[PDB]
Number of protein chains: 2
Amino acid sequence: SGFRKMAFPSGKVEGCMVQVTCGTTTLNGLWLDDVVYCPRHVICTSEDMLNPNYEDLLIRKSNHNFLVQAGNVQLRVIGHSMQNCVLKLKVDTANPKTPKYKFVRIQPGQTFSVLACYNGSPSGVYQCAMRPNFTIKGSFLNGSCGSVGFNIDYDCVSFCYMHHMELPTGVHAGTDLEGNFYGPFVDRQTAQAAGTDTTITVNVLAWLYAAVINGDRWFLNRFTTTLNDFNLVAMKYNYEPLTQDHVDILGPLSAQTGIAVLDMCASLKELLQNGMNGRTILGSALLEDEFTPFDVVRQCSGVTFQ
Amino acid sequence: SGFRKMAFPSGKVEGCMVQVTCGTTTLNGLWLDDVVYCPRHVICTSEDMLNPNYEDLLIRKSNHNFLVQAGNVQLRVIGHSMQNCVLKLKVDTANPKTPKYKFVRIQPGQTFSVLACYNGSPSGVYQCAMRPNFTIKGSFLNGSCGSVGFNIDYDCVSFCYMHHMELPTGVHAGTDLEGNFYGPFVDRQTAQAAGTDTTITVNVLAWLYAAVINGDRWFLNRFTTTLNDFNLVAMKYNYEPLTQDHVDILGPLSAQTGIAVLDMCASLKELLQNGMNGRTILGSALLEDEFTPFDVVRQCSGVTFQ
């Protein structure tokens with residue numbers, strides 16, 4: 001028993017991180033097969049970032065202006081191309097440590113692990129969720145650009161995030177591995193406001209199921225509700241509305257615990273209206289929304305990977 | 001910016017996990033050089049665990065009764081010995097993936113990363129603290145015994161924990177890598193009560209410094225205090241007393257932020273007496289005590305490892 005905010009094991013990704021330098025800018029790259037992926041603003045100076053014209057900046061760069069370093073291994077760049085907001089650097093050596101991998105574009109509410117890196121070297125690993133306003137609440141310092149987010153399915157790594165920017169508000173924005181930003185953000189140092197950061201209701205429900213499985217049952221009440229009545233309350237508290245698709249995804253947790261999804265919704269509804277009154281749930285005094293239903297099943301079942 | 005409960009990157013440890021089977025019991029082992037370390041209760045059946053006589057059970061085992069499997073690689077056991085509560089199995093092959101490593105026995109309040117494994121395969125990684133009553137609040141299912149806790153110093157892995165037991169209360173107990181339990185626990189299925197789980201005061205203070213560094217300053221008040229006056233209040237709230245050694249360890253955070261340790265203590269004192277009144281600190285509604293002063297410095301400075 002017990003329940004923890006657990007990250008994926010990072011070994012498969014550690015072997016893919018490299019350092020990319022162009023001029024005086026150094027950040028992280030992802031080395032898979034014979035391609036290195038990195039944020040295109042590696043070609044920018046700090047002054048360029050206020051108003052960069054990436055096509056015009058890229059004209060002044062040749063293959064030999066990109067220095068790619070793996071440990072001390074030095075990779076030769078033999079081709080480069082810009083795909084949306086990422087640079088693809090073709091190198092002369094395929095990564096011998098390339099895992100089975102896939103590129104996926106995730107949806108808000110989904111979770112992944114981030115391997116925070118500096119100068120191509122791993123610093124730590126943590127789990128986070130893509131917020132409904134397409135930011136993540138990360139832990140990133142200067143030099144962390146190019147760090148990646150990922151999930152694992154048995155032996156296959158799914159890369160879903162590459163870090164590009166810290167907004168003036170202190171939250172983080174980035175792209176998928178095809179270079180497309182999540183959300184409306186651009187790789188320019190300018191005021192960009194995120195929308196409302198709503199709570200991911202289906203994840204809260206999954207975590208309440210985890211609590212019940214682990215013996216925290218005090219919040220279970222005597223009421224039930226309907227989807228429309230719950231959603232009326234949720235939207236007042238900046239909670240995401242629940243759909244029938246979400247009820248379906250929660251089915252296996254309802255079956256294991258014997259608590260119907262709508263009964264759990266009525267328990268949540270009373271928690272939103274009355275608060276937790278100084279009590280905790282799974283060691284937290286707030287409702288946690290960074291566990292998906294799949295995360296809960298995985299952790300409570302002991303799924304392993306290659 | 002931002003602040004996360006960050007684990008160490010796990011790749012160096014992943015390459016050391018193996019599966020150990022004896023009879024019908026299977027758990028995890030740690031393969032370093034030509035030795036495999038695992039919990040000695042691998043030699044027990046579920047019935048033996050109520051009252052095991054390990055010396056007498058061990059008499060009935062030979063080298064060939066231990067099956068050690070690394071992926072599909074099958075290791076030959078050529079010697080075995082019991083050291084306190086761990087079995088050391090000598091195998092015929094040195095682990096080619098052995099990192100630079102050390103065995104350390106940690107003190108309560110120190111933090112480490114746990115690589116939770118099942119059947120020798122990694123399931124996830126998370127950060128936790130050794131509680132002052134020598135338990136950890138883990139996430140472990142049946143089969144997780146032999147999973148290890150570790151820290152990293154540049155290129156050296158410090159192994160500090162091996163998981164052995166879940167207490168009837170749902171908290172977790174285990175040994176250092178020399179087989180000595182943390183705390184008064186024994187590897188027998190019997191009622192064992194832990195002592196009071198007090199809050200690790202020096203860690204709370206470190207995390208409040210992290211909050212200030214990251215812009216959460218609302219709790220800073222106008223008061224100061226003394227060590228004796230603070231400790232009088234702390235002990236009433238089941239907080240660990242603060243010593244001069246703890247003040248010294250916090251010196252670099254006080255220097256960076258300009259806030260004296262005793263001033264931060266007065267801020268904490270008012271938080272204990274008045275609560276947080278529905279506000280949060282670094283996204284938490286409780287005072288967090290699983291970051292050491294070194295963790296905070298490391299995360300706020302971007303330290304990396306091999």
# chains A, B, ... in the order shown; residues from 1 in each chain; ligands from 1
call {"tool": "residues_around", "arguments": {"residues": "residue 23 (chain B)", "least_positions_apart": "3", "cutoff": "9 Å", "atoms": "only C-alpha atoms", "output": "list in words"}}
result
residues 26, 42, 43, 44, 45, 65, 66 and 67 of chain B
call {"tool": "write_last_selection", "arguments": {"atoms": "N, CA and C atoms", "output": "PDB file, in the first residue's frame"}}
result
ATOM      1  N   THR B  26       9.746 -14.902  -4.896  1.00  0.00           N
ATOM      2  CA  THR B  26      10.532 -14.107  -5.829  1.00  0.00           C
ATOM      3  C   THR B  26      10.515 -12.659  -5.362  1.00  0.00           C
ATOM      4  N   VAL B  42      13.747 -13.930   1.430  1.00  0.00           N
ATOM      5  CA  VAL B  42      13.517 -14.693   0.207  1.00  0.00           C
ATOM      6  C   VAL B  42      13.481 -16.197   0.502  1.00  0.00           C
ATOM      7  N   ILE B  43      14.150 -16.655   1.570  1.00  0.00           N
ATOM      8  CA  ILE B  43      14.132 -18.088   1.882  1.00  0.00           C
ATOM      9  C   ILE B  43      12.889 -18.529   2.639  1.00  0.00           C
ATOM     10  N   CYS B  44      11.961 -17.623   2.934  1.00  0.00           N
ATOM     11  CA  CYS B  44      10.774 -17.935   3.713  1.00  0.00           C
ATOM     12  C   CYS B  44       9.562 -18.164   2.821  1.00  0.00           C
ATOM     13  N   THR B  45       8.700 -19.086   3.242  1.00  0.00           N
ATOM     14  CA  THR B  45       7.323 -19.129   2.773  1.00  0.00           C
ATOM     15  C   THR B  45       6.477 -18.121   3.554  1.00  0.00           C
ATOM     16  N   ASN B  65      19.871 -23.636  -5.019  1.00  0.00           N
ATOM     17  CA  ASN B  65      18.487 -23.303  -4.702  1.00  0.00           C
ATOM     18  C   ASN B  65      18.155 -21.833  -4.946  1.00  0.00           C
ATOM     19  N   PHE B  66      19.146 -20.998  -5.243  1.00  0.00           N
ATOM     20  CA  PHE B  66      18.907 -19.587  -5.543  1.00  0.00           C
ATOM     21  C   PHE B  66      19.004 -19.367  -7.046  1.00  0.00           C
ATOM     22  N   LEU B  67      17.908 -18.931  -7.655  1.00  0.00           N
ATOM     23  CA  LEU B  67      17.887 -18.611  -9.075  1.00  0.00           C
ATOM     24  C   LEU B  67      17.956 -17.099  -9.231  1.00  0.00           C
TER      25      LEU B  67
END
call {"tool": "interface_residues", "arguments": {"of": "chain A", "to": "chain B", "cutoff": "7 Å", "atoms": "only C-alpha atoms", "output": "number ranges by chain"}}
result
A: 1-11, 14, 118, 121-126, 137-141, 170, 285-286, 302-306
call {"tool": "residues_around", "arguments": {"residues": "region 82-86 of chain B", "least_positions_apart": "4", "cutoff": "12 Å", "atoms": "only C-alpha atoms", "output": "number ranges by chain"}}
result
B: 28-30, 35-43, 53-59, 61, 90, 145-146, 161-165, 174-182, 185-188
call {"tool": "write_last_selection", "arguments": {"atoms": "N, CA and C atoms", "output": "CSV table (one decimal), in the first residue's frame"}}
result
chain,number,residue,atom,x,y,z
B,28,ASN,N,13.3,-8.8,-5.4
B,28,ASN,CA,14.3,-8.1,-6.2
B,28,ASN,C,15.7,-8.2,-5.5
B,29,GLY,N,16.7,-8.2,-6.3
B,29,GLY,CA,18.1,-8.1,-5.8
B,29,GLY,C,18.9,-7.0,-6.4
B,30,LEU,N,20.0,-6.6,-5.8
B,30,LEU,CA,20.9,-5.6,-6.3
B,30,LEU,C,22.2,-6.2,-6.7
B,35,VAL,N,28.4,-9.7,-6.7
B,35,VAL,CA,27.6,-10.0,-5.5
B,35,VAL,C,26.2,-9.5,-5.8
B,36,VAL,N,25.2,-10.3,-5.4
B,36,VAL,CA,23.8,-10.0,-5.4
B,36,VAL,C,23.3,-9.8,-4.0
B,37,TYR,N,22.8,-8.7,-3.6
B,37,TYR,CA,22.2,-8.4,-2.3
B,37,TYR,C,20.7,-8.5,-2.4
B,38,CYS,N,20.1,-9.2,-1.4
B,38,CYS,CA,18.6,-9.3,-1.4
B,38,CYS,C,18.1,-9.5,0.1
B,39,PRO,N,16.9,-9.2,0.4
B,39,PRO,CA,16.3,-9.5,1.7
B,39,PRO,C,16.4,-11.0,2.0
B,40,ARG,N,16.8,-11.3,3.2
B,40,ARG,CA,17.0,-12.7,3.6
B,40,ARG,C,15.7,-13.5,3.7
B,41,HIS,N,14.5,-12.8,3.8
B,41,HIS,CA,13.3,-13.5,3.8
B,41,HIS,C,12.9,-14.0,2.4
B,42,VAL,N,13.7,-13.9,1.4
B,42,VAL,CA,13.5,-14.7,0.2
B,42,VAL,C,13.5,-16.2,0.5
B,43,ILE,N,14.1,-16.7,1.6
B,43,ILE,CA,14.1,-18.1,1.9
B,43,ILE,C,12.9,-18.5,2.6
B,53,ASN,N,13.0,-18.8,11.8
B,53,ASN,CA,14.3,-19.0,12.4
B,53,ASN,C,15.2,-19.1,11.2
B,54,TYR,N,15.8,-17.9,10.9
B,54,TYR,CA,16.6,-17.8,9.6
B,54,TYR,C,17.8,-18.7,9.5
B,55,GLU,N,18.5,-18.9,10.6
B,55,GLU,CA,19.7,-19.8,10.6
B,55,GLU,C,19.2,-21.2,10.3
B,56,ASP,N,18.1,-21.6,10.9
B,56,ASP,CA,17.6,-23.0,10.6
B,56,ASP,C,17.1,-23.2,9.2
B,57,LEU,N,16.4,-22.1,8.7
B,57,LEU,CA,15.9,-22.2,7.3
B,57,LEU,C,17.1,-22.1,6.3
B,58,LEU,N,18.1,-21.4,6.7
B,58,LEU,CA,19.2,-21.3,5.7
B,58,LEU,C,20.0,-22.6,5.6
B,59,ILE,N,20.0,-23.4,6.6
B,59,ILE,CA,20.7,-24.7,6.6
B,59,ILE,C,20.3,-25.6,5.4
B,61,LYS,N,19.3,-24.8,2.5
B,61,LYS,CA,19.5,-24.2,1.2
B,61,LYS,C,21.0,-24.3,0.7
B,90,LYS,N,27.1,-14.7,-4.0
B,90,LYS,CA,28.2,-14.6,-4.9
B,90,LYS,C,27.9,-15.2,-6.2
B,145,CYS,N,9.7,-6.1,-2.3
B,145,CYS,CA,10.9,-6.3,-1.4
B,145,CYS,C,12.2,-6.4,-2.2
B,146,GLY,N,13.2,-5.8,-1.7
B,146,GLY,CA,14.5,-5.7,-2.4
B,146,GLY,C,14.7,-4.5,-3.2
B,161,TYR,N,19.1,2.3,1.3
B,161,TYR,CA,17.9,1.6,1.8
B,161,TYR,C,17.6,0.4,0.9
B,162,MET,N,17.1,-0.7,1.6
B,162,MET,CA,16.6,-1.8,0.9
B,162,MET,C,15.2,-2.1,1.5
B,163,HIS,N,14.2,-2.2,0.7
B,163,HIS,CA,12.8,-2.5,1.3
B,163,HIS,C,12.7,-3.9,1.8
B,164,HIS,N,12.1,-4.1,3.0
B,164,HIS,CA,11.9,-5.4,3.5
B,164,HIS,C,10.4,-5.6,3.9
B,165,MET,N,9.7,-4.7,4.5
B,165,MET,CA,8.4,-5.0,5.2
B,165,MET,C,7.4,-3.8,5.0
B,174,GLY,N,12.8,-1.1,6.5
B,174,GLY,CA,13.8,-1.8,5.8
B,174,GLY,C,15.2,-1.5,6.4
B,175,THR,N,16.2,-1.9,5.6
B,175,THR,CA,17.6,-2.0,6.2
B,175,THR,C,18.5,-1.1,5.3
B,176,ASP,N,19.7,-0.9,5.9
B,176,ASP,CA,20.8,-0.4,5.0
B,176,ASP,C,21.3,-1.6,4.2
B,177,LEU,N,22.4,-1.3,3.4
B,177,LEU,CA,22.8,-2.4,2.6
B,177,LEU,C,23.8,-3.3,3.3
B,178,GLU,N,24.1,-3.1,4.6
B,178,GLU,CA,24.7,-4.1,5.4
B,178,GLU,C,23.8,-4.9,6.1
B,179,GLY,N,22.5,-4.8,5.9
B,179,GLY,CA,21.5,-5.7,6.5
B,179,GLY,C,20.9,-5.2,7.8
B,180,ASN,N,21.3,-4.0,8.3
B,180,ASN,CA,20.8,-3.6,9.6
B,180,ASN,C,19.6,-2.8,9.4
B,181,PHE,N,18.5,-3.1,10.1
B,181,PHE,CA,17.3,-2.4,10.0
B,181,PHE,C,17.5,-0.9,10.5
B,182,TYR,N,16.8,0.0,9.8
B,182,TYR,CA,16.5,1.3,10.4
B,182,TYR,C,15.4,1.1,11.5
B,185,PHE,N,12.8,-2.4,14.1
B,185,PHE,CA,11.9,-3.4,13.5
B,185,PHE,C,12.7,-4.7,13.1
B,186,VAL,N,11.9,-5.8,13.0
B,186,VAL,CA,12.5,-7.1,12.7
B,186,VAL,C,11.8,-7.7,11.5
B,187,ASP,N,12.4,-8.6,10.8
B,187,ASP,CA,11.8,-9.2,9.6
B,187,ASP,C,11.0,-10.4,10.0
B,188,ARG,N,9.9,-10.1,10.6
B,188,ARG,CA,8.9,-11.1,11.1
B,188,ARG,C,7.5,-10.4,11.0
call {"tool": "atom_distance", "arguments": {"atom1": "CA of residue 292 (chain B)", "atom2": "CA of residue 151 (chain A)"}}
result
28.2 Å
call {"tool": "select_by_dssp", "arguments": {"residues": "region 90-131 of chain B", "states": "strand (DSSP E or B)", "output": "PyMOL selection string"}}
result
chain B and resi 90-91+100-103+111-118+121-129
call {"tool": "residues_around", "arguments": {"residues": "residue 213 (chain A)", "least_positions_apart": "4", "cutoff": "12 Å", "atoms": "only C-alpha atoms", "output": "VMD selection string"}}
result
chain A and resid 1 to 3 206 to 209 217 253 to 259 281 to 282 296 to 297 299 to 301
call {"tool": "atom_distance", "arguments": {"atom1": "CA of residue 108 (chain A)", "atom2": "CA of residue 205 (chain A)"}}
result
16.0 Å
call {"tool": "decode", "arguments": {"residues": "region 170-196 of chain A", "atoms": "C-alpha atoms", "output": "mmCIF file, in the first residue's frame"}}
result
data_model
loop_
_atom_site.group_PDB
_atom_site.id
_atom_site.type_symbol
_atom_site.label_atom_id
_atom_site.label_comp_id
_atom_site.auth_asym_id
_atom_site.auth_seq_id
_atom_site.Cartn_x
_atom_site.Cartn_y
_atom_site.Cartn_z
ATOM 1 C CA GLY A 170 6.675 31.493 -13.808
ATOM 2 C CA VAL A 171 4.929 28.663 -15.649
ATOM 3 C CA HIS A 172 6.412 26.708 -18.499
ATOM 4 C CA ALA A 173 5.584 26.202 -22.163
ATOM 5 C CA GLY A 174 6.965 23.975 -24.877
ATOM 6 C CA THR A 175 6.331 21.854 -27.931
ATOM 7 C CA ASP A 176 5.738 18.304 -29.030
ATOM 8 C CA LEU A 177 8.653 16.613 -30.779
ATOM 9 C CA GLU A 178 7.389 17.806 -34.164
ATOM 10 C CA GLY A 179 8.006 21.380 -32.996
ATOM 11 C CA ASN A 180 4.386 22.475 -32.514
ATOM 12 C CA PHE A 181 3.732 24.420 -29.319
ATOM 13 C CA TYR A 182 1.145 23.230 -26.902
ATOM 14 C CA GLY A 183 -1.267 26.138 -26.669
ATOM 15 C CA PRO A 184 -1.025 29.563 -28.276
ATOM 16 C CA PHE A 185 2.507 30.346 -27.160
ATOM 17 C CA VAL A 186 5.425 31.408 -29.356
ATOM 18 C CA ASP A 187 9.184 31.217 -28.859
ATOM 19 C CA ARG A 188 9.661 34.925 -28.313
ATOM 20 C CA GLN A 189 10.402 36.834 -25.105
ATOM 21 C CA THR A 190 7.221 38.845 -24.872
ATOM 22 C CA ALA A 191 4.236 39.063 -22.569
ATOM 23 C CA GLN A 192 2.024 36.053 -23.208
ATOM 24 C CA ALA A 193 -0.857 35.389 -20.864
ATOM 25 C CA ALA A 194 -2.168 31.938 -20.167
ATOM 26 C CA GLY A 195 -5.855 31.295 -19.720
ATOM 27 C CA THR A 196 -7.590 30.024 -16.621
#
